[PDB]
Structures are given as C-alpha cells and as structure tokens.
Amino acid sequence: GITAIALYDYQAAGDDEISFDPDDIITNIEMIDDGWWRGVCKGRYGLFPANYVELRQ
Amino acid sequence: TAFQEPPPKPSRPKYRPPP
C-alpha cells in the first residue's frame, strides 16, 4: 500500500499521534490531512506530522 | 551525508464527533 520515512526524530504530541525514529521507516501510511498523515508504525497506527515525515513512491 | 533542521508544526487535523 503506502509507506513513509521520518526525516528526523519526532515526538507525537497528540492523543492520536505516534512517534518514530528518522531511519525507522513505517508502512501503510495514508494522507488524510494536507498537513497531517496516518500510518502503521511497527504494527500500530497513528498520525504523522508531514513536517517530520515523507511518504515513499 | 545530509544535514537538515526540524520543521514547524502543522495545524491539527479535523475530526467529526463519534457516532
């Protein structure tokens, strides 16, 4: 499906947001908000600040 | 070898109320 990789190390400052390491890439990352994303990091889903993350193509 | 500073935070996403 979809995928993404964190540009830097970020801390999800949200109730429905998860954190992940830069090199730590995740899968199943869809784009709901033009500024925010959502994907599965190590099994669990969450939200990603597009600012510290980038999908893959 | 890449160097980049952290970007600003985006506005919280919109979410409708629960059913």
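Structure determination for the deposited model, as stated in its record, used solution NMR.

Undergrad: Can you lay out unusual backbone geometry for me, pointing to particular residues and giving the numbers?
TA: Residue and element names in this part refer to chain A. Within the chain, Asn28 stands out as a residue other than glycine whose phi angle is a positive 60°. Position of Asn28 relative to the elements: it lies in strand β2 (residues 25–30). Within the chain, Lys42 stands out as a residue other than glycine whose phi angle is a positive 55°. Among the structural elements, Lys42 can be located in the loop between β3 (36–41) and β4 (44–49).

Undergrad: Outline the sheet that holds β2(A), listing residues and values.
TA: Residue and element names in this part refer to chain A. Within the open sheet, the five strands sit side by side as β4-β3-β2-β1-β5. Their pairing is antiparallel. On the outer flanks of this sheet lie β4 and β5 (53–55), each paired with one strand and no other. Pairs of neighbouring strands in the sheet enclose a mean axial angle of 40°, with direction left out of account. Sheet topology places β3 next to β4; six bridges connect them, and they run antiparallel. When the sheet's bridge partners are listed, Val40 is paired in β4 with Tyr45.

Undergrad: Could you give an account of the side chain of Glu17(A), naming the residues involved and the relevant values?
TA: Note that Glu17(A) resides in the loop between β1 (3–6) and β2. A polar atom in the side chain of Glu17(A) sits 3.4 Å from the side chain of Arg12(B). Contact partners of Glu17(A), with chain neighbours within four places excluded, come to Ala12(A), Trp36(A), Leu47(A) and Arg12(B).

Cut-offs and rules
- Residues numbered from 1 in each chain as written, not as in the entry; some residues may be left out.
- Chains lettered and ligands numbered in written order.
- Heavy atoms only, no water.
- Helix = DSSP H or I, 4+ residues; strand = E, 2+ residues; numbered from the N terminus.
- Pairing = 2+ DSSP bridges.
- Axes fitted to C-alpha atoms, helices over the stretch in contact; angles between N-to-C directions.
- Polar contact = N/O pair within 3.5 Å; in protein donor to acceptor, adjacent residues only side chain to side chain.
- Contact = heavy atoms within 4.5 Å.

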